[PDB]
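A short worksheet on the structure shown next.
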Amino acid sequence: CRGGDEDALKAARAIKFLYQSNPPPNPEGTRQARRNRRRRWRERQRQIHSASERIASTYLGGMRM
């Protein structure tokens with residue numbers, strides 16, 4: 001869980017550049033790979049393309065992205 005916002009992308013990109021550039025030793029660990037390459041829609045409404053919520057601290061089944 002990082003955050004959905006215009007400014008958020010700016011910060012995330014800063015670190016992302018390092019992540020993509022010369023990544024860590026993961027020969028048998030493409031977890032993030034599949035995590036990024038995927039499409040899923042579990043919403044029954046489209047009002048705004050931006051998660052207003054900042055941080056979600058809930059343990060109702062699932063980990064913290």
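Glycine gets a Cβ as well: all are built from the backbone with ideal geometry, and neighbour counts include every protein chain shown. Nothing in this text is a laboratory measurement; each read-out follows from the coordinates by a stated rule.
Can you tell me the alpha carbon radius of gyration of the chain divided by the globular rule-of-thumb value 2.2 N^0.38 Å?
1.36
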On Cα atoms only, tilt of 6-20 relative to the major axis of the chain in degrees: 20
What is the calculated FRET efficiency for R31 to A56, with r their C-beta to C-beta distance and R₀ = 22 Å, to the nearest 0.05? 0.55
Could you work out [θ]222 nm for the chain from helices alone, using -39500 (n - 2.57) per DSSP H run of at least four and dividing by all its residues? Round to the nearest 500 deg cm²/dmol. -9500 deg cm²/dmol
Return, ordered by residue number, the residues of region 37-65 whose backbone nitrogen is under 13 Å from a label point located 7 Å along Cα→Cβ of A11. 54-55
